[PDB]
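I have placed the structure first, in the form of structure tokens, so that the comments after it can refer back to it.
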Amino acid sequence: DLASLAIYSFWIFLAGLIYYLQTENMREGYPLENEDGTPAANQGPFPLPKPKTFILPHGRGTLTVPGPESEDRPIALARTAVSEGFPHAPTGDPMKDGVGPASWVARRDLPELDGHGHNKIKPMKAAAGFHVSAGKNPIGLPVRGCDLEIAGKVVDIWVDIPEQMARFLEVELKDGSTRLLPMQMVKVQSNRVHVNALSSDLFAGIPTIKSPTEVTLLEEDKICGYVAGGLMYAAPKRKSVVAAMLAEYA
Amino acid sequence: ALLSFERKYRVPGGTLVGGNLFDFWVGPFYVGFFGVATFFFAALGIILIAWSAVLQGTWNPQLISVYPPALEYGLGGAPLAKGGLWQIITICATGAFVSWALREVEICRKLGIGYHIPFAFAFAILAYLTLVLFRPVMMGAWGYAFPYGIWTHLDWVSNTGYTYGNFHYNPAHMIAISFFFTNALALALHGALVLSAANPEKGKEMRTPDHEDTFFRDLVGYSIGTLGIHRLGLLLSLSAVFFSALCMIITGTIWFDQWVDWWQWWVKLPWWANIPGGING
Amino acid sequence: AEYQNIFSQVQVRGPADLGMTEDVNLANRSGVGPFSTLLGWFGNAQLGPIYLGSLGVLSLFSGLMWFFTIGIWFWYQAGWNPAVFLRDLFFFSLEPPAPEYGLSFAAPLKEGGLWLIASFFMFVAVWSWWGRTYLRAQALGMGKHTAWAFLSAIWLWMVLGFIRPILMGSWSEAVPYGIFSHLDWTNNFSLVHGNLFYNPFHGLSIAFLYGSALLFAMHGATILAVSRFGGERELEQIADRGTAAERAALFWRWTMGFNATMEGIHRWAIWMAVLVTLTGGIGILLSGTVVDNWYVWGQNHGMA
Amino acid sequence: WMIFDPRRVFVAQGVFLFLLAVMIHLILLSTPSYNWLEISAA
Amino acid sequence: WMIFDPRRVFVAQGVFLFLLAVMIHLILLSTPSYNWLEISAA
Amino acid sequence: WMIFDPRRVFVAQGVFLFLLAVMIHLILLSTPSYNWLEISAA
Amino acid sequence: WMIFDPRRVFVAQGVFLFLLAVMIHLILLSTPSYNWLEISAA
Amino acid sequence: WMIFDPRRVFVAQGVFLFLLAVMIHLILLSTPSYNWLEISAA
Amino acid sequence: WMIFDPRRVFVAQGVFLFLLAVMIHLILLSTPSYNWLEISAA
Amino acid sequence: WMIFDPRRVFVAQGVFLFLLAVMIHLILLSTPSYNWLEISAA
Amino acid sequence: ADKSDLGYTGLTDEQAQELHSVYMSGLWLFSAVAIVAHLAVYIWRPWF
Amino acid sequence: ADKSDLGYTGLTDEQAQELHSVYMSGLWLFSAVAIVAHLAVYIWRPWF
Amino acid sequence: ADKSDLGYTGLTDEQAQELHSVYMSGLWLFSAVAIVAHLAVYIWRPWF
Amino acid sequence: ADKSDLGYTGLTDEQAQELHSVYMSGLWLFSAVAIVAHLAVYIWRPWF
Amino acid sequence: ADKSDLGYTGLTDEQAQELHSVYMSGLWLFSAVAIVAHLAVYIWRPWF
Ligand code: BCL
Ligand code: BCL
Ligand code: BCL
Ligand SMILES: CC[C@H]1c2cc3[nH]c4c(c3C)C(=O)[C@H](C(=O)OC)c4c3nc(cc4[nH]c(cc(n2)[C@@H]1C)c(C(C)=O)c4C)[C@@H](C)[C@@H]3CCC(=O)OC/C=C(\C)CCC[C@H](C)CCC[C@H](C)CCCC(C)C
Ligand SMILES: CC[C@H]1c2cc3[nH]c4c(c3C)C(=O)[C@H](C(=O)OC)c4c3nc(cc4[nH]c(cc(n2)[C@@H]1C)c(C(C)=O)c4C)[C@@H](C)[C@@H]3CCC(=O)OC/C=C(\C)CCC[C@H](C)CCC[C@H](C)CCCC(C)C
Ligand SMILES: COC(C)(C)C/C=C/C(C)=C/C=C/C(C)=C/C=C/C(C)=C\C=C\C=C(C)\C=C\C=C(/C)CC/C=C(\C)CCC=C(C)C
Ligand SMILES: [Fe+2]
């Protein structure tokens, strides 16, 4: 063509591509809301778009997104600063009202579905696919919490197929009332486990999975969020915790 | 301003020993303990595009230059715009690289998202260092460095980049390119591995990770899953730099000679030693 | 022999399962590929299956005689010994019809011969593997975006030795074949055209390869970082927003000054994609029929 | 929603009219005839 | 209505006119006619 | 009211002016023709 | 304590005087026409 | 029943009319022997 | 069997011919002597 | 079974008239000895 | 004390004895007092 | 709805109904119009 | 409901009324309006 | 309930009322007003 | 527990003992300290 032409169909057709792209990343989350439930300051120079129709993978409805954004779930932060900016603090203990570092959400009562007609995440006593029948095999060992004391005993694995993976490590209590705990934080070396998140006397505060085989998408929010609750506060202030929570490497 | 669900997440702390003295949320941005630090670093740094705009020459960041010191002045300082004033820009740059990757921890310890992020900028901390610290401390003086510009360090890399013959003969460089073209090799299918299921062609029911296992196993014979290509983006994008900071930590300080003359250490072998074969023969 | 259960990952293998069925095929995909169960506790461990139809093996063959044509011009000078071959597995060379030949295929085997075959076959290998990523997203019910970052990728292949060396008319105007021969060629298009720094079409394509690692240094970080929660499952985090759009969607807005939708983080990542070899194909279709010497471009459209 | 109000005028609109003002000046301050600043002597 | 101050008017809004003021005190010093204190020696 | 008094009223003025004074010195040092030590070097 | 004594000024002021010490070591020890210890050869 | 129909007719209909003409246009647009719009006076 | 029929019947008919035709219709026009559309002239 | 009956003879045979054929076409075209289309006037 | 709905906060008289009492300090010491700096300006030196 | 393997669908005996009612009726104009366009090519102008 | 045979869908009521009605009003214009551009090109001005 | 076949909807003959009386008659503004700006550039000035 | 009225926290009487002793004293302990220090700044060295 010429020496001065083509750089202009670009300073224009793309000079609004940070503009068109940003809104497409500003679907979820927006609109902006204040610290109570209020049409907030604004949105930005790239305001949120009015959503298109969303078809769901296993007939879960006309869930358009951005979707539910209001105040369905319970929140409990005592507003320290009524002015918008300065943070807020929970009522009693922050690991009971569910506010701060430990987050969850209320969803519909249909768990994540694949395509076989069955659910996603099941234990090893819900899939006789791979077993134990050679030598001595380790699925059943004692554990330890962040308080540096024994916490329970894990003797099972929640299996995966499409990813061939794992998501939880189930703990047999003295009783049997169900409990749960994430997968990536873990740091196991020899013959005993060490978790560095929650103390060994705060594991019952983790909800019993309504079913020991099923994880509904409603439940999969606090169950992998309570450990994040103990990654912020824990732990004031003096002595052993200073030689436990800090330092380290990995 | 804050988001709709940004209600429960608001809690003070995150910072270490001293209190919540610096952690005030100025707008959509986080001003933790390293927040006002970067406020101190970003305010002085805009002036560093404008200082040698009256000492070196032009006022436009097209040719604005605060040159690195000379090669031989020793373990010390420099003139000014030609080193001395250059010697001040770095500890802000790097003092601002640091106050950013570590103000993230005042959010990492604040909530509970992982500490693998004070880290993916630390291959950028270990990639800009190899041009400001790793090199010019030993061969003589701080004179072995690049200019900060946007068109000055351009005619510094090419028409002034054939000191070692051609740099393609530089094997790790070329392996740190056998690592780089592979970054958008695995962003091009993974940035499109979540796009076209709710928007298939228009109307159709959404796909799950079993159609992913009938599209990519119907692609290139290897399906490490969906967590095997975020272990396949953080494998494309951090290491083309340690194979380049190793393409240069033994280049110039030990090999300031032709790297086109490195590919005669390969043809020298007792078996085919005294033998000219092909092209060479 | 038993598969074990070690300490901290963890893993469980998979029996006999594939994927989905609709518009694909039944009696074409071969036997269940043998599983590489060798410390496969990190990612996955599963070989097969594979759509081995005529829409894929047309590239296995057309790539192979792209693989053997420069092959029978990589043993031609050695001395007919296996000593000099792997000795100069790179020092060997092969160039297309000369900078004076061009539009005629009358060239024999020697001076510039075994260039006319490798690409001719490769022509229905690349182009028959643009459509092993474009129609296997149709065998189910997905999209076409996977080869629309590829039509942009074969936009840089649309100029090198295709569209420019025929309008202008010569085969030296295409790329020599080897493992170094073209490295003594990537710096050729540099200096003959007066250096391509003031050529901000070749340079913005650069500028679109310096945003593949400003976009995947952190995606491979945070999706591995918000995975303790539930951000690894990228097929249930968008329309049913989980807490992974809460540890990763408050994390970046506070930081750099904006976040993104679980779907929109694949809208920029394919916008620093269909714009790399696309702004490369233009910035190399603008180099040879616009202004050769780009130093005599970037001082009249740059400083002047 | 869509378009709110009480935040744009404080930190954004003050630098929108200013942004609409800035890309205009450095051409009319530097046109072959106009300028109107530096020249006042001759 | 709405909007916030007790946080903004102490460490936030002060760098808005500071984003408007000091960004142009420099410029009135670059010109070789205005300057107002630069050209002193000659 | 609100804001701070025992927290952020003696520190929103310490490094704040250091973020507005001591780094403002670097403008009156970006001179080497004036300058309180570079007058001789002209 | 209004200001924080064993925090903002016991290891944070020792580097606050370290803040204005060595950055100027690359201006005054610099300068293209001073030195007065380096040029003991020319 | 193996591939598609609906997609090819509204979007993949282009790779038959447009991206087969618009590229073959600039070929016969640049040819002197035709010109039409480059006829004028020659 | 192994395959269906009545869908790829419009794509093996619509565009399949030109895949062969596009690589063959243009090995002939390159000669300045033939052309048939350029020579029917002067 | 396996051997594509209503396929390989319909589509893979419809392209092996291009796989076997055209790869040897573009060699004996520009051969001066045969020519048969490139004899010209001499 | 926490809030819920539009448009708290807000609100009053956390808006009356607060927001009215600090904003005019940024809208006078820079609105009309900024025209008191215009003193040594409007005459020095637009006219040479 | 699918039956089994080898081979659905389909289909017997709709295969002759499909691929001989329009695959041998309309697809033979592929050799009744193209062979009509062959004529302006067989000797014009290979043999002048 | 899933139908057994081709086309269904289809679907007769939506096959010959949806793909044949604009066929002499659809596949009879693009092979004509294209020739309008042709017959206005072959004479002007290939001839020198 | 959900509609029958392609296209539905549709419908019949909502295609021949709201998409065949202004989509083919009102769309003749795309055909009539275009020649107004094409009879001014047909050969002005492809013929000086 | 958090309270109610204007304004918290806090903290009457602390409108003239907290927000006037370390707030309005800044309008003096530097604002006027500028006026005296500028007598040794304004004339060095804008006049050569
Ligand atoms: C003569 C021409 C040579 C050549 C000349 C050179 C020179 C000179 C160099 C290289 C270097 C490299 N080359 Mg080489 N190179 C060639 C052409 C290529 C090609 C190509 C396909 O053409 C590729 C892919 C490469 C790739 C490589 C890598 C091996 C290596 C890059 C290291 C690096 O950048 O990390 C460094 C990473 C960073 C600097 C990022 C750090 C991020 C920081 C912390 C954040 C900065 C923030 C910023 C200031 C703020 C801006 C944002 C604003 C707020 C908007 N080269 C040819 C063969 N190449 C470099 C090298 O090997 O040394 C390491 C180098 O110096
Ligand atoms: C003097 C030095 C110049 C310079 C000289 C040049 C020259 C010359 C060129 C470039 C070009 C480019 N430069 Mg540069 N470049 C400079 C600086 C750099 C730096 C840097 C130092 O930071 C880098 C990293 C680069 C690298 C780049 C790229 C951004 C760009 C070409 C992209 C590419 O390689 O696509 C390549 C990808 C393809 C061609 C597509 C490949 C896909 C194919 C089609 C698929 C094949 C199918 C096959 C069958 C698959 C088989 C697989 C089997 C299954 C195993 N340049 C300096 C300023 N650079 C190139 C360009 O195009 O400019 C815009 C170019 O010619
Ligand atoms: C490594 C070998 C060479 C080199 C090879 C290349 C090649 C090739 C390219 C660049 C380009 C650039 N280089 Mg470099 N570059 C070098 C040294 C560096 C260093 C460093 C200090 O180590 C950094 C941080 C950078 C990064 C930069 C950016 C300034 C610029 C665009 C980056 C981009 O688009 O990708 C992603 C990065 C970003 C999106 C960050 C944005 C970077 C911007 C442009 C810099 C901000 C400065 C800004 C104007 C100042 C504002 C301050 C106040 C507000 C006034 N380079 C060395 C000397 N660099 C690209 C270019 O041409 O620029 C247009 C380009 O093609
Ligand atoms: C292998 C590591 C790769 C990488 C990773 C990476 N970069 C990252 C991050 C990560 C994980 C971030 O999290 C952070 C980010 O915000 O996301 C984009 C970032 C980032 N990468 C950026 C740029 C960048 N990264 C680059 C490269 C890379 N980043 C590598 C390829 C490059 C190139 C092309 O080399 C550039 C230009 C920033 C946008 C952002 C860093 C944010 C930050 O830390 O800000 C601190 C800076 C200040 C407070 C300013 C003060 C500095 C002074 C005032 C002036 C500085 C002088 C200097 C010379 C600047 C000149 C710039 C150019 C002219 C060179
Ligand atoms: C946006 C630009 C980025 C990009 C995009 C991109 N690349 C892509 C794609 C996209 C969208 C694909 O869709 C395609 C793909 O499928 O990815 C896996 C691809 C691809 N990019 C690839 C590489 C690649 N990426 C590159 C870079 C980039 N691609 C950029 C980062 C480059 C560069 C820099 O030039 C290259 C060379 C491939 C991994 C893949 C191309 C797939 C393909 O075309 O291959 C066809 C298959 C064959 C040719 C098989 C033949 C094998 C050999 C040729 C024969 C010898 C072996 C054989 C086994 C002999 C043994 C005998 C046996 C029978 C026993
Ligand atoms: C032991 O060794 C054996 C026996 C196995 C044989 C080994 C062979 C070897 C050594 C194979 C090596 C292969 C390698 C490594 C090749 C490397 C290639 C590289 C690095 C780059 C190649 C890039 C591709 C290029 C330059 C191709 C360009 C071609 C085009 C852009 C279009 C070509 C189109 C043409 C020629 C027109 C043909 C089409 C028509 C319609 C005529
Ligand atoms: Fe992804």
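How things are named: the first chain in the structure tokens is A, the next is B, and so on; residues count from 1 in each chain; ligands count from 1 in the order shown.
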
* Can you check the Cα RMSD once chain G has been least-squares fitted onto chain J over every paired atom, in order? => 1.7 Å

* Give the residues of chain A that lie within 7 Å of chain B; count only C-alpha atoms, and format the answer as a list in words. =>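 Close enough to count are residues 29, 30, 31, 32, 33, 34, 35, 41, 54, 55, 56, 57, 69, 75, 85, 86, 87, 88, 89, 99, 100, 101, 114, 162, 163, 228, 229, 231 and 232 of chain A.
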
* To do: Using only C-alpha atoms and all ligand atoms, find each residue with an atom at most 8 Å away from ligand 7 and format the answer as JSON, numbers by chain.
  => {"B": [187, 190, 191, 192, 193, 194, 226, 229, 230], "C": [219, 234, 265, 266]}

Residues at most 12 Å from region 5-10 of chain O, counting only C-alpha atoms, excluding those fewer than 5 positions away in the same chain, as a PDB file with N, CA and C atoms, in the first residue's frame?
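Full text of result-v7.pdb as output:
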```
ATOM      1  N   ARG A  79     -19.369  -3.049  61.880  1.00  0.00           N
ATOM      2  CA  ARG A  79     -18.788  -1.937  61.137  1.00  0.00           C
ATOM      3  C   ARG A  79     -18.043  -0.981  62.063  1.00  0.00           C
ATOM      4  N   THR A  80     -16.717  -1.093  62.076  1.00  0.00           N
ATOM      5  CA  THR A  80     -15.881  -0.203  62.873  1.00  0.00           C
ATOM      6  C   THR A  80     -15.895   1.214  62.310  1.00  0.00           C
ATOM      7  N   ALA A  81     -15.504   1.347  61.046  1.00  0.00           N
ATOM      8  CA  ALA A  81     -15.616   2.615  60.340  1.00  0.00           C
ATOM      9  C   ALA A  81     -16.872   2.653  59.478  1.00  0.00           C
ATOM     10  N   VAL A  82     -17.826   3.491  59.869  1.00  0.00           N
ATOM     11  CA  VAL A  82     -19.023   3.721  59.065  1.00  0.00           C
ATOM     12  C   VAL A  82     -18.671   4.369  57.728  1.00  0.00           C
ATOM     13  N   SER A  83     -17.550   5.083  57.699  1.00  0.00           N
ATOM     14  CA  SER A  83     -17.005   5.607  56.451  1.00  0.00           C
ATOM     15  C   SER A  83     -16.430   4.488  55.589  1.00  0.00           C
TER      16      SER A  83
ATOM     17  N   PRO E   6     -13.926  10.601  55.099  1.00  0.00           N
ATOM     18  CA  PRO E   6     -13.032  10.460  56.252  1.00  0.00           C
ATOM     19  C   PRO E   6     -11.783   9.650  55.909  1.00  0.00           C
TER      20      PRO E   6
ATOM     21  N   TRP F   1     -14.271  14.362  62.266  1.00  0.00           N
ATOM     22  CA  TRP F   1     -14.529  13.120  63.051  1.00  0.00           C
ATOM     23  C   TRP F   1     -13.978  11.888  62.335  1.00  0.00           C
ATOM     24  N   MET F   2     -14.083  10.734  62.987  1.00  0.00           N
ATOM     25  CA  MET F   2     -13.548   9.486  62.441  1.00  0.00           C
ATOM     26  C   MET F   2     -12.064   9.613  62.101  1.00  0.00           C
ATOM     27  N   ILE F   3     -11.731   9.394  60.831  1.00  0.00           N
ATOM     28  CA  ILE F   3     -10.339   9.193  60.420  1.00  0.00           C
ATOM     29  C   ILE F   3      -9.505   8.578  61.546  1.00  0.00           C
ATOM     30  N   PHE F   4      -8.375   9.208  61.855  1.00  0.00           N
ATOM     31  CA  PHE F   4      -7.502   8.738  62.927  1.00  0.00           C
ATOM     32  C   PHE F   4      -6.892   9.909  63.693  1.00  0.00           C
ATOM     33  N   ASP F   5      -6.404   9.630  64.899  1.00  0.00           N
ATOM     34  CA  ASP F   5      -5.734  10.642  65.708  1.00  0.00           C
ATOM     35  C   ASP F   5      -4.540  10.055  66.467  1.00  0.00           C
ATOM     36  N   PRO F   6      -4.729   8.867  67.069  1.00  0.00           N
ATOM     37  CA  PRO F   6      -3.649   8.146  67.720  1.00  0.00           C
ATOM     38  C   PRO F   6      -2.944   7.181  66.763  1.00  0.00           C
TER      39      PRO F   6
ATOM     40  N   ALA K   1     -22.825  -0.804  64.958  1.00  0.00           N
ATOM     41  CA  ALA K   1     -24.042  -0.548  64.138  1.00  0.00           C
ATOM     42  C   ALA K   1     -23.755  -0.725  62.650  1.00  0.00           C
ATOM     43  N   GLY K  10     -22.988   7.544  53.577  1.00  0.00           N
ATOM     44  CA  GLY K  10     -23.957   7.979  54.579  1.00  0.00           C
ATOM     45  C   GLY K  10     -23.298   8.420  55.874  1.00  0.00           C
ATOM     46  N   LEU K  11     -24.110   8.891  56.819  1.00  0.00           N
ATOM     47  CA  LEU K  11     -25.541   9.064  56.587  1.00  0.00           C
ATOM     48  C   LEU K  11     -26.046  10.396  57.147  1.00  0.00           C
ATOM     49  N   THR K  12     -26.096  10.497  58.473  1.00  0.00           N
ATOM     50  CA  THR K  12     -26.504  11.737  59.140  1.00  0.00           C
ATOM     51  C   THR K  12     -26.781  11.500  60.627  1.00  0.00           C
ATOM     52  N   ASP K  13     -26.171  12.320  61.481  1.00  0.00           N
ATOM     53  CA  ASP K  13     -25.371  13.453  61.024  1.00  0.00           C
ATOM     54  C   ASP K  13     -23.882  13.113  61.006  1.00  0.00           C
ATOM     55  N   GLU K  14     -23.564  11.897  60.576  1.00  0.00           N
ATOM     56  CA  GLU K  14     -22.199  11.550  60.195  1.00  0.00           C
ATOM     57  C   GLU K  14     -21.861  12.101  58.812  1.00  0.00           C
ATOM     58  N   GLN K  15     -22.840  12.742  58.180  1.00  0.00           N
ATOM     59  CA  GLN K  15     -22.619  13.427  56.912  1.00  0.00           C
ATOM     60  C   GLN K  15     -22.680  14.942  57.090  1.00  0.00           C
ATOM     61  N   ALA K  16     -23.334  15.382  58.161  1.00  0.00           N
ATOM     62  CA  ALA K  16     -23.639  16.797  58.348  1.00  0.00           C
ATOM     63  C   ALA K  16     -22.524  17.512  59.107  1.00  0.00           C
ATOM     64  N   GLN K  17     -22.079  16.907  60.205  1.00  0.00           N
ATOM     65  CA  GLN K  17     -21.020  17.490  61.025  1.00  0.00           C
ATOM     66  C   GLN K  17     -19.653  16.926  60.645  1.00  0.00           C
ATOM     67  N   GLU K  18     -19.619  16.146  59.567  1.00  0.00           N
ATOM     68  CA  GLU K  18     -18.375  15.556  59.086  1.00  0.00           C
ATOM     69  C   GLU K  18     -18.074  15.989  57.653  1.00  0.00           C
ATOM     70  N   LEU K  19     -18.884  15.511  56.713  1.00  0.00           N
ATOM     71  CA  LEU K  19     -18.583  15.661  55.290  1.00  0.00           C
ATOM     72  C   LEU K  19     -18.734  17.111  54.837  1.00  0.00           C
TER      73      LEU K  19
ATOM     74  N   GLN O  15     -13.378  16.911  69.648  1.00  0.00           N
ATOM     75  CA  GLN O  15     -13.476  17.698  68.422  1.00  0.00           C
ATOM     76  C   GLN O  15     -12.538  18.903  68.465  1.00  0.00           C
ATOM     77  N   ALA O  16     -12.105  19.267  69.670  1.00  0.00           N
ATOM     78  CA  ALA O  16     -11.238  20.425  69.855  1.00  0.00           C
ATOM     79  C   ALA O  16      -9.991  20.064  70.662  1.00  0.00           C
ATOM     80  N   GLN O  17      -9.819  18.773  70.932  1.00  0.00           N
ATOM     81  CA  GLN O  17      -8.667  18.294  71.693  1.00  0.00           C
ATOM     82  C   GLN O  17      -7.870  17.259  70.901  1.00  0.00           C
ATOM     83  N   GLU O  18      -8.506  16.675  69.888  1.00  0.00           N
ATOM     84  CA  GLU O  18      -7.840  15.706  69.021  1.00  0.00           C
ATOM     85  C   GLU O  18      -7.783  16.197  67.577  1.00  0.00           C
ATOM     86  N   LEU O  19      -8.908  16.709  67.085  1.00  0.00           N
ATOM     87  CA  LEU O  19      -8.983  17.223  65.721  1.00  0.00           C
ATOM     88  C   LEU O  19      -8.777  18.736  65.687  1.00  0.00           C
TER      89      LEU O  19
END
```

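Least-squares superposition of chain K onto chain O, taking every C-alpha atom paired in order, leaves an RMSD of 2.2 Å.
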
Nearby polymer residues, ligand 5, at most 7 Å, only C-alpha atoms and all ligand atoms, as a PDB file with C-alpha atoms, in the first residue's frame:
```pdb
ATOM      1  CA  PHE B 181       7.854 -19.470  21.680  1.00  0.00           C
ATOM      2  CA  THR B 182       6.283 -22.226  23.775  1.00  0.00           C
ATOM      3  CA  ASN B 183       4.616 -19.723  26.131  1.00  0.00           C
ATOM      4  CA  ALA B 184       2.005 -18.588  23.610  1.00  0.00           C
ATOM      5  CA  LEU B 185       2.108 -22.140  22.298  1.00  0.00           C
ATOM      6  CA  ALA B 188      -3.267 -20.020  22.544  1.00  0.00           C
ATOM      7  CA  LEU B 189      -5.147 -23.246  23.290  1.00  0.00           C
ATOM      8  CA  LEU B 219      -5.887 -32.941  19.147  1.00  0.00           C
ATOM      9  CA  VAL B 220      -2.267 -33.726  20.005  1.00  0.00           C
TER      10      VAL B 220
ATOM     11  CA  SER C  59      -0.184 -34.149   8.217  1.00  0.00           C
ATOM     12  CA  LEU C  60       1.678 -37.200   9.518  1.00  0.00           C
ATOM     13  CA  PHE C  61       2.483 -37.992   5.879  1.00  0.00           C
ATOM     14  CA  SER C  62       2.756 -34.451   4.498  1.00  0.00           C
ATOM     15  CA  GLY C  63       4.992 -33.603   7.448  1.00  0.00           C
ATOM     16  CA  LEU C  64       7.046 -36.759   6.935  1.00  0.00           C
ATOM     17  CA  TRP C  66       8.563 -32.420   4.648  1.00  0.00           C
ATOM     18  CA  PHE C  67      10.714 -34.336   7.127  1.00  0.00           C
ATOM     19  CA  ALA C 125       0.234 -30.829   6.606  1.00  0.00           C
ATOM     20  CA  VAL C 126      -0.005 -27.436   8.281  1.00  0.00           C
ATOM     21  CA  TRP C 129      -3.608 -29.606  10.853  1.00  0.00           C
ATOM     22  CA  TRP C 130      -5.232 -26.216  10.972  1.00  0.00           C
ATOM     23  CA  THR C 133      -7.993 -28.276  15.851  1.00  0.00           C
ATOM     24  CA  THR C 146      -8.868 -23.037  18.826  1.00  0.00           C
ATOM     25  CA  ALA C 147      -7.866 -22.695  15.176  1.00  0.00           C
ATOM     26  CA  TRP C 148      -8.735 -18.995  14.949  1.00  0.00           C
ATOM     27  CA  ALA C 149      -5.645 -18.361  17.024  1.00  0.00           C
ATOM     28  CA  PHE C 150      -4.186 -20.669  14.374  1.00  0.00           C
ATOM     29  CA  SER C 152      -3.660 -15.954  12.917  1.00  0.00           C
ATOM     30  CA  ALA C 153      -0.622 -18.182  13.468  1.00  0.00           C
ATOM     31  CA  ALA C 273      -2.632 -14.579  20.656  1.00  0.00           C
ATOM     32  CA  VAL C 274      -4.580 -13.799  17.463  1.00  0.00           C
ATOM     33  CA  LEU C 275      -2.404 -10.658  17.378  1.00  0.00           C
ATOM     34  CA  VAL C 276       1.162 -12.014  17.551  1.00  0.00           C
ATOM     35  CA  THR C 277       1.758 -13.654  14.166  1.00  0.00           C
TER      36      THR C 277
END
```
